[PDB]
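Reading through the structure tokens given below for one structure.
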Protein chains: 2
Amino acid sequence: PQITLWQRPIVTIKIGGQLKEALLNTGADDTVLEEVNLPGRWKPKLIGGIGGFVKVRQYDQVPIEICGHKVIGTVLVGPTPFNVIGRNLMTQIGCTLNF
Amino acid sequence: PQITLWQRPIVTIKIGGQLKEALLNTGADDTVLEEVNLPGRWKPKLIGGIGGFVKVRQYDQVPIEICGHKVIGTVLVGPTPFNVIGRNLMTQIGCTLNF
């Protein structure tokens, strides 16, 4: 798709056979999602940092679907004001900024 | 241009005859820049909010140049970890997300 930016670019994602909404966020390096149960091993990751860091669980090579594009990438699971798709997954779907 | 997202999408902007670097940030509603002196009237605006709000100066209809696109829009002037071009200016330059 081509997504204009007059509104927040919120899209539907499919992760662990669960449908979710998330923000396509070019200001975010990483993808962070709340309240998903992902299987298998993970390692702790510290994110944020301003005022302190937030610990989240880093899951690698997670299958995720974003607007019918099935891709694989790192998903951080932990508290977030809103679910965020970061650059790490946007590169996988071949998403670019254009003007 | 077409800007891929393997690195942070930092671009050069020209504002008040000063060259600056700023992040094209689709997760940001507004444009916030540090250490620019803009002329004329402004009104206070509260932004952020999580843990408290940050007061900034809102300047309207500011001429700004982003990658040789001369546009007009609201610029918030105040403290920011990094200068941010938000959706409000991306719509003006006709910037879209594409995949």
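Letters A, B, ... go to the chains of the structure tokens in the order shown; residues in each chain start at 1; ligands are counted from 1 in the same order.
For chain B, a DSSP pass over the backbone yields alpha helix (DSSP H) at residues 87, 88, 89, 90, 91, 92 and 93 of chain B.
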Kindly provide, as an MDAnalysis selection string, the residues of chain A having any atom no farther than 8 Å from an atom of chain B, counting only C-alpha atoms. chainID A and resid 1:9 23:29 87:88 90:91 93:99
Selected residues written out with N, CA, C and O atoms, as a short mmCIF file (atom, residue, chain, number, x, y, z; two decimals), in the first residue's frame:
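Contents of part31.cif, as written:
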```
data_model
loop_
_atom_site.label_atom_id
_atom_site.label_comp_id
_atom_site.auth_asym_id
_atom_site.auth_seq_id
_atom_site.Cartn_x
_atom_site.Cartn_y
_atom_site.Cartn_z
N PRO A 1 0.80 -1.23 0.00
CA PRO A 1 0.00 0.00 0.00
C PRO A 1 0.84 1.28 0.00
O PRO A 1 2.06 1.24 0.20
N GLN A 2 0.17 2.40 -0.28
CA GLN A 2 0.71 3.73 -0.06
C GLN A 2 -0.10 4.35 1.06
O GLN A 2 -1.35 4.45 0.98
N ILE A 3 0.60 4.75 2.11
CA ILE A 3 -0.05 5.23 3.33
C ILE A 3 0.33 6.70 3.51
O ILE A 3 1.51 7.03 3.67
N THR A 4 -0.67 7.58 3.43
CA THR A 4 -0.44 9.01 3.66
C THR A 4 -0.38 9.23 5.17
O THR A 4 -0.72 8.35 5.94
N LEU A 5 0.05 10.41 5.60
CA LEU A 5 0.38 10.62 7.01
C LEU A 5 -0.50 11.68 7.70
O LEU A 5 -0.13 12.26 8.72
N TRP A 6 -1.70 11.90 7.15
CA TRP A 6 -2.65 12.84 7.78
C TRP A 6 -3.18 12.28 9.09
O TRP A 6 -3.54 13.04 9.99
N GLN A 7 -3.25 10.96 9.18
CA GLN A 7 -3.58 10.30 10.42
C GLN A 7 -2.43 9.40 10.85
O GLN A 7 -1.50 9.16 10.07
N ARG A 8 -2.46 8.96 12.10
CA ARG A 8 -1.44 8.02 12.58
C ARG A 8 -1.47 6.74 11.75
O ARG A 8 -2.53 6.15 11.53
N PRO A 9 -0.30 6.29 11.24
CA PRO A 9 -0.28 5.11 10.37
C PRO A 9 -0.37 3.79 11.14
O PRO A 9 0.62 3.03 11.27
N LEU A 23 1.43 0.77 15.31
CA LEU A 23 1.80 2.04 14.67
C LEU A 23 3.07 1.84 13.85
O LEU A 23 4.08 1.34 14.37
N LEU A 24 3.04 2.19 12.57
CA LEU A 24 4.25 2.13 11.74
C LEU A 24 5.10 3.34 12.13
O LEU A 24 4.74 4.49 11.83
N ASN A 25 6.21 3.09 12.80
CA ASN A 25 6.91 4.18 13.48
C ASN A 25 8.36 4.27 13.03
O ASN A 25 9.22 3.55 13.52
N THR A 26 8.62 5.16 12.08
CA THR A 26 9.98 5.31 11.55
C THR A 26 10.96 5.92 12.57
O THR A 26 12.15 5.92 12.32
N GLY A 27 10.44 6.47 13.67
CA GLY A 27 11.29 7.00 14.73
C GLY A 27 11.73 5.93 15.72
O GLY A 27 12.47 6.21 16.64
N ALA A 28 11.25 4.69 15.52
CA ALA A 28 11.53 3.58 16.44
C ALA A 28 12.45 2.57 15.75
O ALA A 28 12.17 2.14 14.63
N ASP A 29 13.56 2.23 16.42
CA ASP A 29 14.50 1.25 15.87
C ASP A 29 13.88 -0.15 15.89
O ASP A 29 14.04 -0.93 14.96
N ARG A 87 11.67 0.21 12.63
CA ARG A 87 12.36 0.08 11.37
C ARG A 87 12.77 -1.37 11.09
O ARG A 87 12.82 -1.78 9.92
N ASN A 88 13.06 -2.13 12.15
CA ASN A 88 13.56 -3.50 11.95
C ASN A 88 12.58 -4.35 11.13
O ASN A 88 13.02 -5.21 10.34
N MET A 90 9.93 -2.82 9.27
CA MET A 90 9.67 -2.09 8.02
C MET A 90 10.67 -2.43 6.92
O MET A 90 10.28 -2.49 5.73
N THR A 91 11.94 -2.67 7.27
CA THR A 91 12.91 -3.10 6.23
C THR A 91 12.52 -4.45 5.63
O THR A 91 12.66 -4.66 4.41
N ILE A 93 9.47 -5.77 5.28
CA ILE A 93 8.35 -5.64 4.34
C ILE A 93 8.68 -4.76 3.13
O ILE A 93 7.86 -4.62 2.22
N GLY A 94 9.89 -4.18 3.13
CA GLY A 94 10.36 -3.30 2.06
C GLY A 94 9.67 -1.94 2.08
O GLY A 94 9.49 -1.29 1.04
N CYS A 95 9.28 -1.50 3.28
CA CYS A 95 8.60 -0.23 3.46
C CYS A 95 9.58 0.94 3.37
O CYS A 95 10.60 0.93 4.04
N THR A 96 9.28 1.94 2.55
CA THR A 96 10.15 3.12 2.41
C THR A 96 9.37 4.42 2.62
O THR A 96 8.15 4.41 2.51
N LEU A 97 10.09 5.50 2.94
CA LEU A 97 9.52 6.84 2.92
C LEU A 97 9.76 7.45 1.53
O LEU A 97 10.87 7.35 0.99
N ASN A 98 8.73 8.08 0.96
CA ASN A 98 8.79 8.61 -0.42
C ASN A 98 8.14 9.99 -0.54
O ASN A 98 7.01 10.18 -0.10
N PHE A 99 8.84 10.94 -1.17
CA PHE A 99 8.26 12.25 -1.52
C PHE A 99 8.97 12.90 -2.73
O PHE A 99 9.99 12.37 -3.17
#
```
When you count only C-alpha atoms, which of these residues is closest to residue A:43: A:63, A:75, A:19, A:11?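 Distance minimum relative to residue A:43 lands on A:75.
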Under the rule that only C-alpha atoms are counted, which of A:22, A:64, A:58, A:78 is the nearest residue to residue A:45?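 Counting only C-alpha atoms, the residue closest to residue A:45 is A:58.
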Would you mind writing down, as an MDAnalysis selection string, each residue of chain B that DSSP on the backbone assigns to strand (DSSP E or B)? chainID B and resid 2:3 10:15 18:24 32:33 43:49 52:66 69:77 84:85 96:98
Tell me, as an NGL selection string, which residues lie within 6 Å of residue A:65, counting only C-alpha atoms; anything in the same chain fewer than 4 positions away does not count. :A and (13-14 or 69-70)
